[PDB]
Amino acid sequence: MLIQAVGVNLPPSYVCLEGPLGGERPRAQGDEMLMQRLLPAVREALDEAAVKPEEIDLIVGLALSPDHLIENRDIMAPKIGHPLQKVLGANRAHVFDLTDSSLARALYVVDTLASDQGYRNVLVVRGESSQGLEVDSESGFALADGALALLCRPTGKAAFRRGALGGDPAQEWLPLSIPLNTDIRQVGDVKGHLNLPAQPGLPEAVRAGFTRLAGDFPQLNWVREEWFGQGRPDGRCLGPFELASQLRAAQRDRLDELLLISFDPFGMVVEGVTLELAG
């Protein structure tokens, strides 16, 4: 899986949450919705790679947000890859969604399908406009809002690892869940609640899990997602959107290969995929 170009677009608004799993993260405001940021991120990636929308063979989306996806803020499904195809003009693309997958797992599966089907230009996109999810005020956990677009050329050669979190190996980590709001009264109310129990050692366990997995490919430089503010400068973190600056630095340094590691808060695992890069 070769990364042709990376696009990223985040809201300018940051919100700080206290707690062990807290931090300062980008947060959409008002009735901003995901397409406002996803479309420019995608176009930025296409322009960098000099790829036209009509040349996109495949669009695969990842977005948990239950509303505030598109112009009609009340639509939840079908998922955002479809309205993206429409506004983008990607009239030849196949579209689907990999729901709560990590980006790393999605890139591996998409590399496999897309190389098998002979596709040349594949868009994998991740985004959130999470006004419809209540943050976890007990732990401080929130999703970062924004959009990330990876324009890729499949090769079929991406390798994959799913690894345990670090820290105490006898620690049973409690996963993220998003239960439905059982008392929706207005169409604009939150539709679900983030629930990620307060676990002070979890941010470091994730980072240790990253480092252990990277040891499977010690010859590779690597990039990673940062979901928590603990021990980060200013407590700021961008979730999976952290990958954008790291990938662009790798491009500046003219790396041809790298390892990308995601944190999956639902499985409480880390997942890595090996990639090629463009100059």
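Counting begins at 1, following the sequence as shown. By rigid core we mean the largest C-alpha set that fits within 1.5 Å across both forms.
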After fitting on the rigid core, pick out whichever of 215-223 or 26-34 shows the bigger RMS C-alpha deviation in 4 other deposited structures of this protein. 215-223
Comparing against the shown form in 4 other deposited structures of this protein, which stretch has the larger RMS C-alpha deviation after a rigid core superposition, 44-52 or 65-73? 65-73
Mean C-alpha B factor from the entry: is it higher for 122-130 or for 180-188? 180-188
Which of the two stretches, 25-33 or 52-60, shows the higher mean Cα temperature factor in the record? 52-60
One of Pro83, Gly140, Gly89, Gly146 has the largest Cα B-factor in the entry, namely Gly89
Return the residue from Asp74, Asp97, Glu204, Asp100 that has the highest Cα B-factor in the entry. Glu204
What third of the chain does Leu107 rank in for C-alpha temperature factor, lowest, middle or highest? lowest
Compared with the other modelled residues in the chain, in which third is the CA B-factor of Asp264? lowest
Please place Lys157 in the lowest, middle or highest third of its chain by C-alpha B factor as given in the entry. highest
Splitting the chain's C-alpha B-factors into thirds, which one does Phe228 fall into? middle
By the entry's values, the third containing the CA B factor of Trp222 is the middle
